[PDB]
Amino acid sequence: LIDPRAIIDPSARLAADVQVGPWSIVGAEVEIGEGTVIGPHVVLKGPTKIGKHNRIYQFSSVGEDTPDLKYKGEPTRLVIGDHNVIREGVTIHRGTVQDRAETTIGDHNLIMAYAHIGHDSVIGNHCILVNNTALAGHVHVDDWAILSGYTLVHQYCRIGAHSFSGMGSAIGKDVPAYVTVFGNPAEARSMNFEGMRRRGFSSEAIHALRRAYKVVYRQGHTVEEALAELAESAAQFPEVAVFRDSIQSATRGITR
Amino acid sequence: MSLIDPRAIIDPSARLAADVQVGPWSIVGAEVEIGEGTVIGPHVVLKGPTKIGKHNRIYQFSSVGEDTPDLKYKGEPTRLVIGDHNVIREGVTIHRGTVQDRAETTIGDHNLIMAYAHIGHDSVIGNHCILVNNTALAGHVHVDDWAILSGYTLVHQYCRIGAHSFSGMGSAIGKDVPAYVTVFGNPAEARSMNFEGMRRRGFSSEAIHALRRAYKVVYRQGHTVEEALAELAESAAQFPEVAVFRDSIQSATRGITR
Amino acid sequence: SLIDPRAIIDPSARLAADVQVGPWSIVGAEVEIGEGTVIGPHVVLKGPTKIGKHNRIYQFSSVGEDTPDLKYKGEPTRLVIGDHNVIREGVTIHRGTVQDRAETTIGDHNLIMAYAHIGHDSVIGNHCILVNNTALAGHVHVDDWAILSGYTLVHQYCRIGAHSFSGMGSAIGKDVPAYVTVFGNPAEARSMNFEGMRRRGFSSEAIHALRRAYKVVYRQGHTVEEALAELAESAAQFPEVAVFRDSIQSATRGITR
Ligand SMILES: CC(=O)N[C@H]1[C@@H](OP(=O)(O)OP(=O)(O)OC[C@H]2O[C@@H](n3ccc(=O)[nH]c3=O)[C@H](O)[C@@H]2O)O[C@H](CO)[C@@H](O)[C@@H]1O
Ligand SMILES: CC(=O)N[C@H]1[C@@H](OP(=O)(O)OP(=O)(O)OC[C@H]2O[C@@H](n3ccc(=O)[nH]c3=O)[C@H](O)[C@@H]2O)O[C@H](CO)[C@@H](O)[C@@H]1O
Numbered sequence: 003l004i005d006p007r008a009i010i011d012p013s014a015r016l017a018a019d020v021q022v023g024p025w026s027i028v029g030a031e032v033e034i035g036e037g038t039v040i041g042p043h044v045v046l047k048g049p050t051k052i053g054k055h056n057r058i059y060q061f062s063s064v065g066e067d068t069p070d071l072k073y074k075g076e077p078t079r080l081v082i083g084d085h086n087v088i089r090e091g092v093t094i095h096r097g098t099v100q101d102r103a104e105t106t107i108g109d110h111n112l113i114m115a116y117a118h119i120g121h122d123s124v125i126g127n128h129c130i131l132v133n134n135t136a137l138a139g140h141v142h143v144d145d146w147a148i149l150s151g152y153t154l155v156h157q158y159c160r161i162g163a164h165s166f167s168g169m170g171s172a173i174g175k176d177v178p179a180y181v182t183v184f185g186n187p188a189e190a191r192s193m194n195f196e197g198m199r200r201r202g203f204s205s206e207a208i209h210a211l212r213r214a215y216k217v218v219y220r221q222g223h224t225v226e227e228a229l230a231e232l233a234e235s236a237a238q239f240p241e242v243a244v245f246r247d248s249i250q251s252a253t254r255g256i257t258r
Numbered sequence: 001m002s003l004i005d006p007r008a009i010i011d012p013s014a015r016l017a018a019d020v021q022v023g024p025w026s027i028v029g030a031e032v033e034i035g036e037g038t039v040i041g042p043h044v045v046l047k048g049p050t051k052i053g054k055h056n057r058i059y060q061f062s063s064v065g066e067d068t069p070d071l072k073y074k075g076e077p078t079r080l081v082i083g084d085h086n087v088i089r090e091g092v093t094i095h096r097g098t099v100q101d102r103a104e105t106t107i108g109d110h111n112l113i114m115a116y117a118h119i120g121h122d123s124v125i126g127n128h129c130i131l132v133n134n135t136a137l138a139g140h141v142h143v144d145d146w147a148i149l150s151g152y153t154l155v156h157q158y159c160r161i162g163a164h165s166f167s168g169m170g171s172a173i174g175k176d177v178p179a180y181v182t183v184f185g186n187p188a189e190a191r192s193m194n195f196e197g198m199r200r201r202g203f204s205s206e207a208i209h210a211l212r213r214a215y216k217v218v219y220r221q222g223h224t225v226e227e228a229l230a231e232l233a234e235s236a237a238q239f240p241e242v243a244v245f246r247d248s249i250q251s252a253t254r255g256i257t258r
Numbered sequence: 002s003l004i005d006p007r008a009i010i011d012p013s014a015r016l017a018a019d020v021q022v023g024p025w026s027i028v029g030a031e032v033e034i035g036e037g038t039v040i041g042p043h044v045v046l047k048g049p050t051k052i053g054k055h056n057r058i059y060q061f062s063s064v065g066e067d068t069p070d071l072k073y074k075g076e077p078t079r080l081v082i083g084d085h086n087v088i089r090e091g092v093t094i095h096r097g098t099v100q101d102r103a104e105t106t107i108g109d110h111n112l113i114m115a116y117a118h119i120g121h122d123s124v125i126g127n128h129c130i131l132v133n134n135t136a137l138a139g140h141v142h143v144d145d146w147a148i149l150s151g152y153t154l155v156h157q158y159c160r161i162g163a164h165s166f167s168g169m170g171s172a173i174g175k176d177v178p179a180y181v182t183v184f185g186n187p188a189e190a191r192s193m194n195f196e197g198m199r200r201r202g203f204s205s206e207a208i209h210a211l212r213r214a215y216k217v218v219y220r221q222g223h224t225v226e227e228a229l230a231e232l233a234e235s236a237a238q239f240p241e242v243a244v245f246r247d248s249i250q251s252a253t254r255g256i257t258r
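Protein chains in written order, with the authors' numbering: chain C, 3 to 258; chain A, 1 to 258; chain B, 2 to 258.
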């Protein structure tokens, strides 16, 4: 199960059926839960917790210190949930005491080759980060978001649930839930209707989300005006409340 | 000249031809065939079913023949075919095909694929292409001969990159690039013909002028595509190069980078 | 040992006595490593290369590899790296070509983050920061204290000026003058790196002279020639304005506007 050419630190803690491939390093204070497969040529550093049934591929560095100059060697953490796939060359950094001391990833995420997850980022569930996506630090990615290849997210931005970014987008402000963005700099285009259909949203919730986009983006209202105008649909539709909530949480502006 | 470092892992079903080298801590997986004289560096992962031809060079930290990660493309067998005299630099990822399309990723001869480049599932690369650092072919991309993609060129799924074309660094390509065309930017826009390339490869003065003219006919005279094509019939019969240009345009159902 | 028994150290390699080398790393022929330097696991080091003192090189890096530049033909070109540099995961640094310097050169105290690329014949000064996936195509000169943010792309032969700043995803095809901030693809000059200047302790007076100099180059409709002439005076009074002026004067590809 554990290749004899792997190095397993004595204070690492592995569940019974964890696999580790040849020439991988599971460093000190690393915990790996049941059914997780660590590939060959993987470096894991702690303190880090990896859950169950994950898959981590060759040339990944998971749990390293951020090279960010404000980190001074504090024992910050990285927590990863269950059923995640972490592909070739992914870098995931642990947190900083200036935020939460913790980088957190949830469950069922797909993190493709050479993606980067900076210190203090928080990823929800069911997200997809396509190749070379970079979260610079303190980035929050809510459930079911899809960021296409080479998407660059600035520090402190929030990516809403079910949002989508086109290839090579450079994101410098929050992306509301469901919004599709493209370009450098990123601009809002429409809504991720395929992601709604993938999740069996009602046709009525979809039409209401279509209106909700118009309210914020196509009617010249201010954010506050838009918020009041959505208030009703938010109460009627949880789907719309998620949209409404992401815009309300965007203290530092939405992508337009 | 053969040297198989004993720290590498070679599957019993892998097939190695004469003069093959494999560096330490590399993995030549099941159903990988490696042709004559090919050099695999250290820290390479090869996964099959994959056929690699002769006199290739594959550098460290490359993953060649992996499955595409979206499990929505489960299926097997799917394959990878790489021809002869290719250079594959550090950290290159090349994925096999999918049963949902052609079941094969294909690379021809004499290509240079630079560090951290990505060749997505079902893509097809011809011969004498250059993919500069971190070029990313998303999937089902066809790159025709002699094309050059500068550093961090991103190509959308299903796009065709024409023979002898050129992309400036950081291009984001969402539509087909006709043969000989130069594109730049995100999103990518057409700027001119790749005259630097045409000169370096020995194109006739006569062919170069006819291509300069044909660019104008497609992009600058305000014709429709379909008109522009009809106007090119006569030049295309006289100049094989103009024919290659015309054909790339004619086979862009997707649309062309304007 | 300090040298992991699973590493490969070439007989011709020269290592100072307290150098550390992790498992499954390669120190190639004619590679020299100075005192206090730590080489991680899974690092490929090739020569002829000289690495200095107290550097740290992380896993999956290839340092001292041949350039893929098709003009390169197997010549013993060099790579020189100074002291107190950090080279993070997956970084690629290629040696020179005989067609230019025969050497790629890096100074001291630089921070080169993951998957950055330093192309053949580049020269990096001191105290630079190259954020993740910054790519220097070749023959790129980066002067001291420059910060290139993530995914900054630098065309071959470009010069990045001292104390300049590029925004995330910048694609730089022209020279960036000293102290200038650039953003976008294609990169555009926005302002000066005032935040940079304050973090390094520049005097109010120098910052003001630099502010005025920016205007002379970017905001008065001067040709380059005319701006240079008009900066002569202030460049004579302030070393920083001279550095600025020199970066404009030495442009081979024109300057970012
Ligand atoms: C002239 C000089 O100073 N160095 C050159 C030399 O480096 P060098 O000989 O270091 O590079 P190699 O890749 O040939 O070998 C690296 C190291 O790995 C070892 N090894 C190699 C293969 C193997 O199967 N098992 C094994 O143990 C060698 O014994 C050596 O110590 O060749 C390289 C091209 O190949 C060039 O880029 C370098 O410029
Ligand atoms: C594949 C290869 O050997 N690359 C090297 C080559 O690049 P390359 O041959 O592209 O470099 P040059 O700077 O000499 O090319 C001149 C200019 O022509 C452009 N151009 C190039 C090719 C083309 O088909 N069409 C075109 O328009 C380039 O973008 C550049 O702006 O020389 C550079 C300068 O020593 C090196 O940094 C590269 O490592």
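Each residue gets a CB set at the ideal place from its N, CA and C atoms; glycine is no exception.
Roughly how many whole angstroms lie between the Cα atoms of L71(C) and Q100(C)?
-> Walking along the first sequence from the start, residue 71(C) turns up at place 69. Walking along the first sequence from the start, residue 100(C) turns up at place 98. Between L71(C) and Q100(C), the C-alpha separation is close to 12 Å.
Can you tell me the Cβ-Cβ gap for residue 259(A) and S171(A), rounded? I've got them flagged as a contact below 8 Å.
-> Because chain A in this structure spans residues 1 to 258, residue 259(A) falls outside the shown range and cannot be described.
With contact counted as at least three CB pairs below 8 Å, one residue from each stretch, are the segment 83-91 of chain A and the segment 111-120 of chain A in contact?
-> Between the segment 83-91 of chain A and the segment 111-120 of chain A, the count of C-beta pairs closer than 8 Å reaches three or more; the two stretches touch.
Under 7 Å between beta-carbons, which chain A residues line up against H118(B)? List them in chain order, please.
-> Within the third sequence, the letter at position 117 stands for residue 118(B). By Cβ distance, chain A contributes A115, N133.
Could you confirm whether any beta carbon from chain B is found closer than 8 Å to the beta carbon of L112(A)?
-> If you number the second sequence from 1, residue 112(A) lands on position 112. For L112(A), the answer is yes, since a Cβ of chain B falls inside 8 Å of its Cβ.
Spatial neighbours of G185(B) within its chain, please: CB distance less than 8 Å, with the 5 preceding and 5 following residues excluded, ordered by chain position.
-> The residue given as residue 185(B) occupies position 184 in the third sequence. Cβ neighbours of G185(B) beyond the five flanking positions: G168, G170, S171, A172.
Could you tell me whether the segment 250-258 of chain A touches the segment 21-40 of chain B, using the rule of 3 or more Cβ pairs below 8 Å?
-> No, because fewer than three Cβ pairs between the segment 250-258 of chain A and the segment 21-40 of chain B fall closer than 8 Å, the two stretches do not touch.
Unbroken beta strand (DSSP E) runs of length 3 or more, entirely within the segment 170-255 of chain C: which are they?
-> Every beta strand (DSSP E) stretch that sits fully inside the segment 170-255 of chain C and reaches 3 residues is listed by chain position as 181-184, 189-193.
Taking just the CA atoms, how far does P69(B) sit from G222(B)?
-> Taking the third sequence and counting its residues from 1, one reaches residue 222(B) at position 221. Taking the third sequence and counting its residues from 1, one reaches residue 69(B) at position 68. Taking the straight line from one Cα to the other gives about 42 Å.
May I ask you to check if the CB of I249(A) is nearer than 7 Å to at least one heavy atom of ligand 1?
-> Here residue 249(A) corresponds to residue number 249 of the second sequence, with the count starting at 1. Because no heavy atom of ligand 1 lies under 7 Å away, the Cβ of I249(A) does not count as near it: no.
What residues in the segment 33-52 of chain B bring their beta carbon closer than 9 Å to a beta carbon of chain A?
-> Here the close residues are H43, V45.
Beta-carbon neighbours of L16(B), restricted to chain A and to distances below 8 Å | In the third sequence, residue 16(B) corresponds to position 15, counting from 1. Correct list: empty, because the minimum Cβ distance to chain A is about 19 Å.
Supposed contact pair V20(A) and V44(A) - C-beta distance, whole angstroms, cut 8 Å = Here the question's residue 44(A) lines up with position 44 in the second sequence. Here the question's residue 20(A) lines up with position 20 in the second sequence. The Cβ separation is near 12 Å, so there is no contact.
Name the residue from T38(C), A237(C), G83(C) whose alpha carbon lies nearest to the alpha carbon of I107(C).
-> The residue given as residue 107(C) occupies position 105 in the first sequence. Per the C-alpha coordinates, the member of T38(C), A237(C), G83(C) positioned closest to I107(C) is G83(C).
Who are the neighbours of residue 1(B) on chain C, taking C-beta pairs under 8 Å?
-> Only positions 2 to 258 of chain B appear in the structure, and residue 1(B) is not among them; the question remains open.
Please confirm if the segment 204-212 of chain B is in contact with the segment 240-247 of chain B, defined as three or more CB-CB distances below 8 Å between the two stretches.
-> Between the segment 204-212 of chain B and the segment 240-247 of chain B, the count of C-beta pairs closer than 8 Å reaches three or more; the two stretches touch.
Would you say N194(A) reaches chain B, if we count a Cβ-Cβ gap shorter than 8 Å as a contact?
-> Within the second sequence, the letter at position 194 stands for residue 194(A). No, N194(A) does not count as interfacial toward chain B.
Between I52(B) and ligand 1, is the CB less than 7 Å from at least one heavy atom?
-> In the third sequence, the residue the question calls residue 52(B) occupies position 51. False, no ligand heavy atom lies under 7 Å from that Cβ.
Interface partners of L154(B) on chain A, CB under 8 Å = For the purposes of this step, residue 154(B) is taken as residue 153 along the third sequence, with counting starting at 1. For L154(B), the chain A residues whose Cβ falls inside 8 Å of its Cβ are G151, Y152, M169, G170, in order along the chain.
DSSP on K51(A), reduced to helix/strand/coil?
-> Taking the first residue of the second sequence as 1, we reach residue 51(A) at position 51. Reduced to three states, the DSSP call for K51(A) is strand.
Exposure label - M193(C); buried when at least 16 CB within 10 Å | Here the question's residue 193(C) lines up with position 191 in the first sequence. When all chains shown are included, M193(C) counts as buried.
What first and last residue would you give for the beta strand (DSSP E) that runs through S63(C)?
-> For this step, residue 63(C) is matched to residue 61 along the first sequence. From DSSP, the beta strand (DSSP E) with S63(C) extends over 63-66.
So does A138(B) have its beta carbon nearer than 7 Å to some heavy atom of ligand 2?
-> Numbered from its first residue, the third sequence carries residue 138(B) at position 137. Checking every heavy atom of ligand 2 against the Cβ of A138(B), one is found closer than 7 Å.
Cβ of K72(B) within 7 Å of any heavy atom in ligand 4?
-> Ligands present in the displayed structure are limited to ligand 1 and ligand 2, and ligand 4 is not among them.
Residue 287(C) at chain A interface by Cβ criterion, 8 Å | Outside the shown range of chain C (3 to 258) lies residue 287(C), about which nothing can therefore be said.
Looking at C-alpha atoms only, which residue of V132(C), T38(C), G29(C) is the closest neighbour of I10(C)?
-> Along the first sequence, one-based indexing puts residue 10(C) at 8. Comparing C-alpha distances from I10(C) to each of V132(C), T38(C), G29(C) shows the shortest one belongs to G29(C).
Short check: CB of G197(A) to CB of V177(A), under 8 Å?
-> Translated into positions along the second sequence, residue 197(A) becomes position 197. Translated into positions along the second sequence, residue 177(A) becomes position 177. Taking C-beta atoms as the reference points, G197(A) and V177(A) fail to come closer than 8 Å.
Decide if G202(A) is buried, meaning its Cβ has at least 16 other Cβ atoms within 10 Å, or exposed.
-> Numbered from 1 along the second sequence, position 202 holds the residue referred to as residue 202(A). When all chains shown are included, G202(A) counts as exposed.
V87(A) touches chain B at which residues, Cβ-Cβ below 7 Å?
-> What you label residue 87(A) is simply residue 87 of the second sequence in a count that begins at 1. Per Cβ cutoff of 7 Å: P69.
Does any C-beta atom of chain A lie closer than 8 Å to the C-beta of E90(C)?
-> Here residue 90(C) refers to the residue found at position 88 when the first sequence is read from its first residue. In terms of beta-carbon proximity, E90(C) lines the interface with chain A, with at least one pair separated by less than 8 Å.
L211(A) Cβ short of 7 Å to ligand 1 heavy atom set = The residue labelled residue 211(A) in the question sits at position 211 within the second sequence. If you check the C-beta of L211(A) against ligand 1, you find no heavy atom less than 7 Å away.
Kindly identify the DSSP beta-bridge partner or partners of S167(A).
-> Translated into the one-based positions of the second sequence, residue 167(A) becomes position 167. Looking at the DSSP assignment, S167(A) forms a beta bridge with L149(A), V183(A).
Own chain residues within Cβ distance below 6 Å of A147(C), not counting five before or after | By 1-based counting over the first sequence, the position of residue 147(C) is 145. Closer than 6 Å at Cβ, skipping near neighbours: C129, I161, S165.
By Cβ distance, which residues of its chain are closer than 7 Å to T105(B), with the 5 residues on each side in sequence left out?
-> Translated into the one-based positions of the third sequence, residue 105(B) becomes position 104. The beta carbon of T105(B) lies closer than 7 Å to those of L80, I94, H95, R96, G97, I119, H121, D122, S123 in the same chain, with the five residues before and after it left out.
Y158(B) versus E76(B), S251(B), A214(B), residue with shortest Cα-Cα distance | For this step, residue 158(B) is matched to residue 157 along the third sequence. For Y158(B), the nearest C-alpha among the options comes from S251(B).
Any non-hydrogen atom of ligand 2 within 7 Å of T68(C) CB = Indexing the first sequence from 1 puts residue 68(C) at position 66. Checking the Cβ of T68(C) against ligand 2 gives no.
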